[PDB]
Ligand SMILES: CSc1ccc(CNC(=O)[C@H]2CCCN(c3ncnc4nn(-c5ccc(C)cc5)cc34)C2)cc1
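Take a look at this single chain in C-alpha cells; it is the form deposited without the named molecule.
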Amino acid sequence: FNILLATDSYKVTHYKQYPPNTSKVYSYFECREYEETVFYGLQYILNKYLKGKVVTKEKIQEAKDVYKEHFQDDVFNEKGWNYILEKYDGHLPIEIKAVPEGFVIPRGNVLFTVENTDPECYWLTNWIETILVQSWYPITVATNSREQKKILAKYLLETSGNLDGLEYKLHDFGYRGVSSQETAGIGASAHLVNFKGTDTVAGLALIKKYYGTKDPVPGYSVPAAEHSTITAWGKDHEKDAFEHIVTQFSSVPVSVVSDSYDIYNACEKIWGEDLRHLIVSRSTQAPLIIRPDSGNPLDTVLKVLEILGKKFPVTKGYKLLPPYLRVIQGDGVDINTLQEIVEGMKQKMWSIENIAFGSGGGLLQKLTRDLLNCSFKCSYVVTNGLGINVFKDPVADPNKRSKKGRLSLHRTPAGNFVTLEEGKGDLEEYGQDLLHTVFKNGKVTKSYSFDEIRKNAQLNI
C-alpha cells in the first residue's frame, strides 16, 4: 500500500491550485442533513493506512513514475513528499479530531476534522480526503443496521412483551455479496456494533485486530445447511438430507434450507409428518430453524407459518410456535422489506419471536454514500497569515451547502448535540469540544475498544 497512490488523481494537481501564501487547510466530515448516525470505523483507517512511516524513498519514486505516465506530464509534487520523508521520517504532519466511536449523533453535525500541522503541507489535508471519506461505509452499515434493530425491537416488544433474543434477529449473510474481502470485514464489524449473529467471519478478525473485546469473539453462528448440502442427495432423497442433518446437529440450533424444490411440501409433509418425530423431541436450546429462500418474503413466511401451525402445536395475543420450531427468512431482506415482513406478521397476529432474519447484500452491499450524505469539505483556510471561513453553496441545491470556519461539537444544556461554526466553539458557551484528537503526526493518540463502541451505540430501550 502506497498512500501516494491512494487518492483521487486530480488531487495530485491541487497543490498548484490553492491561494498563494496558504498555510492551513481545515476540513471536516459530516453526514449532511436516518436522522441519527453511528460514528464507526475511523480507527481502522487510522492504524492500517495513516499511522507511522507511510512515506518512503521507494514509494515516492513509484508514484513519480506512475503519475508521469498517468498525466503524460510531471505534475506530481515530489518535493512536497520528500519533505515529509526527510523531516518527519515519513510521518504525516496532520491532526485528526473526532467524536468517540460508537457515538450516536443526529445529522448535520461535525464528526471529525483534519488539518495539516505544518504550513508547508497545506496540500496534505485534502490529499487524504479520498481515503478518509471511505469511513462512510462503516458509518452507514452500522447506522442502517441499528435502524433495523430499532424496527425489530418495536415489533418484538409489541408481539411478545420483551426483547429476548433481539441481538440475534438480524444475521449477517453478506460475505459473498460485498465487493471485496476487505469490505466484508469492515462491514461485518460495523454490523456487530448492533447484533451478535454473523456468518461473515472476516468481521471477527478485523474487530480482534483493531478494536478488541473482553469476550473471545464479537459474533457467533450456528450449523446450517445450504442448497448443495441438500440437493447433493438427489431430489427423491430430500427427506434423507433433512433427517441426516438434523440428527448430525441434534443438540444445537440448526438451520435447514427447505425450498430446494417445494418449501411448502417440505413443511407440510416432510417436517410436519415424515420427520415430525425428529423435531418435536428437540430441546428448546437447540430448535430446528426452517429456512425459506425464494418467492415473496412476506407471503412465504406467512404461508410457511400457517402450514407448520396445522402440523405443530401453536400457542400476549400473538401466535407462538413450539419452542423447538423456528423460522429464518434469509432472502430479499433489507431495511424496507424487513419492515414489511414484521408489520405483515403482526397483522396476521404472528409473534416476532417465531422468526429471525438473514440479510446479506441488503445489509452490507446495497448501501451508498448518498444514504447519509457522508461528505468531506473545506471550511477554514489560512492565506497570507489570515484565517478565513470558506464553504460551497450551489444555487440549484441548498442541501449541498457546507459549514463555515473552524468547527466544534458540544453537549447542549438539554443533553443534546450542537455543532458550532466560525471558531465559536473557542467560546465554550456549551462546555468543551466533544471532538478529540485521535491522530497526530503519524501517531494514533486515542483508541476505543469494540466494547466501548457497542455501549455508545446502544438503543435507548
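Start at 1 with the first residue shown and count on from there.
What comes next is about the form deposited with the named molecule bound, which does not appear here.
Novice: If I superpose the C-alphas around the site and drop in the named molecule as it sits in the entry with it bound, do 3 or more of its atoms land within 2.4 Å of a backbone or C-beta atom here, i.e. is the pocket blocked or open?
Specialist: Site status: open.
Novice: Check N77 for me: does it contact the named molecule in the entry with it bound (non-hydrogen atoms, 4.5 angstroms)?
Specialist: No.
Novice: Answer with yes or no whether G102 is in contact with the named molecule in the entry with it bound, where contact means some heavy atom within 4.5 Å.
Specialist: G102: no, not in contact with the named molecule in the entry with it bound.
Novice: Taking the named molecule as it sits in the entry with it bound, is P297 in contact with it (heavy atom to heavy atom, 4.5 Å or less)?
Specialist: No, no contact at 4.5 Å.
Novice: Using a 4.5 Å heavy atom cut-off, state whether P138 contacts the named molecule in the entry with it bound.
Specialist: Result no; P138 lies far from the named molecule in the entry with it bound.
Novice: In the entry with it bound, which of the stretches 141 to 149, 117 to 125, 379 to 387, 167 to 175 has residues with heavy atoms within 4.5 Å of the named molecule?
Specialist: Single hit among the candidates: 167 to 175.
Novice: Of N354, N109, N194, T113, which one comes within 4.5 Å of the named molecule in the entry with it bound, counting heavy atoms only?
Specialist: None of the other options qualify; the answer is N354.
Novice: Give me the residue from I328, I84, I94, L338 that has a heavy atom within 4.5 Å of the named molecule in the entry with it bound.
Specialist: None of the other options qualify; the answer is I328.
Novice: Would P253, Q285 and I289 all count as contacting the named molecule in the entry with it bound, using a 4.5 Å heavy atom cut-off?
Specialist: Answer is yes for this spot.
Novice: Does anything in 216 to 230 come within 4.5 Å of the named molecule in the entry with it bound by heavy atoms, and if so which residues, in order?
Specialist: Heavy-atom contacts within 4.5 Å come from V222 alone.
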